[PDB]
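Okay, so here's just one chain, in structure tokens, the form deposited in one PDB entry.
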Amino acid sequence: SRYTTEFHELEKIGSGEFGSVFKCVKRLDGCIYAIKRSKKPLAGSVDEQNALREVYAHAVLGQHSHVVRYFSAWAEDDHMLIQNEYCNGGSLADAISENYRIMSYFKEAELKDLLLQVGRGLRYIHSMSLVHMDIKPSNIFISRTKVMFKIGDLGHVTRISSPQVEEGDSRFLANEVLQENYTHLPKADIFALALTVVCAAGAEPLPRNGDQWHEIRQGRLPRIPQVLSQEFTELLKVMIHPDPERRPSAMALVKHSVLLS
């Protein structure tokens, strides 16, 4: 078994439809990795093409400081194993839940930092003519010890020039993608990033549909209980503009003074 030969398993850190994710130490280098272990997808299934999008996204991208690093993938014993960088801070979804548990929150400066850093990850992905298509808090990961945010799960990554769109979570989905308009996909990532920051900011749980859903896609920003400066707030609001061309590109985002300050 390559998995057991190369690695010692420390604890399960995720599970779901499939499979599990384990925190492991690699024996040769003594470093900690996250390894996703699952039953090998049925040939031709959605789960397989997700795994395919992921491997081939990595082949294009290689490494970036705001993208969760993909080291290796292999299959053995009717399982698929995917080795990633371990982010010791968990996902942004975890951190938001923990904030509610203990009644903490992200200060405005910390929210801007989140926005800027994920923006930097999108800038790189977009510059390679890819789009992520599943930005949301559970796919943003956190490395600490001083904090780095990284984009995880490239399973929905597709090409701008020949997009195959597996829709993401309807809570974070821009209206034009739902309308099967795939001509501005980088701006769907920007949209979802705005709502991701809004979630991080303490907003009520986002609607999956209904009037509240549609109101959001009209460019109306959900209520945020923290007082944010008006400049920060207006930047979030423009990121969910109904006209995607009025949303900033990631390039424009990471040069924004409100964020760099």
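The first residue of the sequence shown is number 1, and the count goes up from there. Note that the rigid core is defined as the largest set of C-alphas that superpose within 1.5 Å between two forms. Residues that one form lacks are left out of the comparison.
One more form of this protein exists, namely the form deposited in another entry; it is left out here, but the text below deals with it.
Chemist: Superpose on the rigid core and name the single residue from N50, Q212, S65, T233 whose Cα moves by 2 angstroms or more between the shown form and the other one.
Modeler: Residue with a C-alpha shift of 2 Å or more: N50.
Chemist: For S162, is the CA shift between the shown form and the other one at least 2 Å following rigid-core superposition?
Modeler: True for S162: a C-alpha shift of 2 Å or more.
Chemist: Tell me whether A109 is among the residues that move between the shown form and the other one (Cα shift of 2 angstroms or more, core superposed).
Modeler: No, the C-alpha moves less than 2 Å.
Chemist: Having a change of 3 Å or more in the C-alpha distance between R123 and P163, I'd like to know whether it is closer or farther in that other deposited form than in the form here.
Modeler: Farther, not closer.
Chemist: Taking the shown form as reference, are the C-alpha positions of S127 and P163 brought closer or pushed farther apart in that other deposited form, with a change of 3 Å or more?
Modeler: It is farther: in that other deposited form, the C-alpha atoms of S127 and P163 lie at least 3 Å more apart than they do here.
Chemist: What stretches, three or more residues long, have all their C-alphas moved by 2 Å or more between the shown form and the other one when the rigid core is held in place?
Modeler: Once the cores are aligned, runs 45 to 50, 58 to 63, 100 to 104, 161 to 164 are those whose C-alphas move by at least 2 Å.
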